[PDB]
Amino acid sequence: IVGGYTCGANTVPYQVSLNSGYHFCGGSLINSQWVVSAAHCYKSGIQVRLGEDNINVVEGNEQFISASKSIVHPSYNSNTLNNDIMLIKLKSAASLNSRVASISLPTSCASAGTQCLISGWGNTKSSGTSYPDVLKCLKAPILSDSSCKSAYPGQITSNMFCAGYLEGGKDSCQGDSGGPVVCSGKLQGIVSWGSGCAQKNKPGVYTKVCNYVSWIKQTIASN
Ligand SMILES: [Ca+2]
Ligand SMILES: [Mg+2]
């Protein structure tokens, strides 16, 4: 996250860190046994780390649980990143408490102008590399689809939306991939892609979760 702030320990209780010997993507806890992340974050051998703040220090509120199965969306296209969403089932049910909570799925989509909270342990520099150890947060509004499509001609589908600032300065970035975009208490997006980080007229692109609630509910109930 570039131009964001330190969230504070466990203030984003549904945020997860996917680890394969190191943190490589974020995710969101939707219930005690399931996590949703981005399909481009797919890897074999994932350990889900819940209740994290500093990912390099065991502070006492973590739960490290291995994944039993991963399900990438049936129509995921790695070339365009269309349908960039995946579900991860935990080998054991997580113990929910104040520090580990699940986030609700939306009942409807959100409007341009709605402010959301984006979080993650990704890069914090637009031109450079600096990976933080504690969780960073950023409040950003959903942008109109016209501004999104003019920034990326021929690349945005109905399953994506842009959020951020066209002036640049504030944005999610690599390392944040797969993490949550929560608006009005519902998970509306997943950090998916963009062009560099925090560049002028290159807002971040997010998977539009409201389009996948039926597939999510149907899939977790059958697995
Ligand atoms: Ca920790
Ligand atoms: Mg994240």
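In this chain, numbering begins with 1 at the start of the sequence shown. What's counted below: heavy atoms across the whole structure, side chains too, no hydrogens, waters or symmetry copies.
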Least distance between heavy atoms, [X] atom then [Y] atom:
X: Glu62; Y: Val58; result: OE2-CA, 3.2 Å
X: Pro106; Y: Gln188; result: CB-OE1, 3.4 Å
X: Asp176; Y: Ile1; result: OD2-N, 2.8 Å
X: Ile30; Y: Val35; result: CG1-N, 4.4 Å
X: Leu117; Y: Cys137; result: CD1-CB, 3.8 Å
X: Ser147; Y: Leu166; result: CB-CD1, 4.1 Å

Determine whether [X] and [Y] make a side-chain contact, defined as any pair of heavy atoms from C-beta on separated by less than 4.5 Å.
X: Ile190; Y: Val181; answer: no
X: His40; Y: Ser177; answer: yes
X: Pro203; Y: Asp171; answer: no

[X]-[Y] side chain donor-acceptor pair, cut-off 3.5 Å:
X: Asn82; Y: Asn77; value: no
X: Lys69; Y: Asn223; value: yes
X: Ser119; Y: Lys136; value: no

Look up atom [atom1] in [X] and atom [atom2] in [Y], then write down how far apart they are to the nearest 0.5 Å.
X: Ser172; Y: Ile118; atom1: OG; atom2: CD1; answer: 5.5 Å
X: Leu187; Y: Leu105; atom1: CG; atom2: CG; answer: 6.5 Å
X: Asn10; Y: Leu50; atom1: CG; atom2: CG; answer: 11.0 Å
X: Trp34; Y: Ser102; atom1: CH2; atom2: OG; answer: 14.5 Å
X: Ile65; Y: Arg49; atom1: CD1; atom2: CZ; answer: 11.5 Å

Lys43, NZ: over 12 other non-hydrogen atoms inside 6.0 angstrom: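 Enclosed: over 12 neighbouring heavy atoms sit under 6.0 Å from NZ of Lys43.
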OH/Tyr42: more than 12 non-hydrogen atoms of other groups inside 6.0 Å: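 No, OH of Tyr42 has 12 or fewer neighbouring heavy atoms, counting only those of other groups under 6.0 Å.
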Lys208 charged N/C atom sitting above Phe161 aromatic ring, 6.0 Å / 45°: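 Not satisfied by the 6.0 Å and 45° rule.
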Candidate list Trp215, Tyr76, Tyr212, test side-chain hydrogen bond (donor to acceptor under 3.5 Å, both in side chains), partner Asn83, passing option: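 The option that passes is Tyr212.
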Where at least one partner belongs to residues 93-129, residue pairs that pass ring-ring contact (aromatic ring centres under 6.0 Å, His included), sequence neighbours excluded: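 Checked against ring-ring contact (aromatic ring centres under 6.0 Å, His included) - neighbours excluded - the pairs reaching residues 93-129 are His23-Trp121.
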Identified side-chain contact (heavy atoms from CB on, under 4.5 Å) counterpart of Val12 within the set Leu135, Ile103, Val182: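 Result for side-chain contact (heavy atoms from CB on, under 4.5 Å) with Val12: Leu135.
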